[PDB]
């Protein structure tokens, strides 16, 4: 089909934004060890919201890209509106760039004033630092986008793949409405904040990623739609059975009742299972592959995604999910380590996977790229992926020493925050080095196009 073309600007923008994201990562990583670097021009927190908002926005773009590509091909018709996909692309790209420029060009409190945050205060919450107008604007794009892609499912074939995608997509936008909800009570504010963050990334986003994985497996493997769609349902069943009460592993120390200690620890113990199943999924359906596929990279992206998401979300998640352990590690470099690997392995990787599949045939080049371009992709994959295991190993070592020095001993014996950080310096240099190997991988991946 031809309206599948509108997915191209989405994937290309996502990759540009991904570059931006890494650059601001590298700025913060230097700030860790040369504390006054770029100060007072770009204080750490400004660099941070740029890094974290570019991460969320680029992945969102990748998701819309992924939908715009596979939804026509599942629905067995043209996308409801190629021209809507294009207005929406430009609106979303303008709002992203505008709010990012806001961050860098006006001190945060000033940006707050300037956007009339006093009337509807939603600003200055982690991952939610965008002005209420930006948030409001993001909802409108979501509505447009949902109408566009969801009309296409309505007037066409319904497959489980597209159904599950739509459910994830709808749930993502719905839960985003909680960002408009900013309670005056601190623990209430934190309680509802996780309905965005956790119910996305360990719930509704897992539906999106499963769907994209399943579609790609269908197209690369020639194994029967029926079995693939069955496992999809198993995987997402396990995601929401573990993950919904699972939200409780964020409810240990925010000020909610101690029953969450049990509920959070026990349901979370099971949250690795869907990622384990995605590894059995991709590995099995790829080795029971009824055919060969001219693009060997997609197959690698798909297996890699599942192994990394399982390491990052599953193993690292579990490693700190039990309350008696989380008590010591909560809000520590361990958190940053888990967070980097989980976000990269599950979500950055599944976006690059669908791009691997969809790019050559969006650029009317065919199923696969020439065999020189295919080895670059593979190099940028090993470079990005290995670099990230190193990033997470160094931050893991950092968090272990941080917990040992600062969290374990009693008052008097425990080291102070700033003193502990100086002791961690070497781990932060290494992470920065790894962050350099990663950019090199991203450039290598980019130069494969």
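Numbering follows the first chain given and starts at 1.
(message) Regarding 246 to 254 and 135 to 143, which shows the higher C-alpha temperature factor on average in the entry?
(response) Per the PDB entry, the higher value belongs to 135 to 143.
(request) Look up the CA B-factors in the entry and say which stretch, 376 to 384 or 27 to 35, has the higher mean. (result) So the stretch with the higher mean C-alpha B-factor is 376 to 384.
(message) So if I compare the CA B-factors in the entry for 190, 338, 225, 125, which one is the largest?
(response) Largest recorded C-alpha B-factor: 225.
(message) Per the entry's Cα B factor values, which of 348, 362, 199, 240 stands out as the maximum?
(response) In the PDB entry, the greatest C-alpha B-factor among 348, 362, 199, 240 is found at 362.
(request) Using the B-factor values recorded in the entry, state whether the Cα atom of residue 331 falls in the lowest, middle or highest third among the modelled residues of its chain. (result) According to the entry, residue 331 has a C-alpha B-factor in the chain's lowest third.
(request) Looking at the entry's B-factor column for C-alpha atoms only, identify whether residue 301 ranks in the lowest, middle or highest third of its chain. (result) Middle third by C-alpha B-factor.
(message) Taking only the Cα B-factors deposited for this chain, tell me whether residue 194 sits in the lowest, middle or highest third.
(response) Answer is lowest: the recorded C-alpha B-factor places it there.
(request) Within this chain's modelled residues, let me know which third the CA B factor of residue 206 belongs to: lowest, middle or highest. (result) Lowest third of the chain for residue 206's C-alpha B-factor.
(message) When the deposited Cα B-factors of this chain's modelled residues are ordered and cut into thirds, is residue 168 in the lowest, the middle or the highest one?
(response) For residue 168, the deposited C-alpha B-factor lands in the lowest third.
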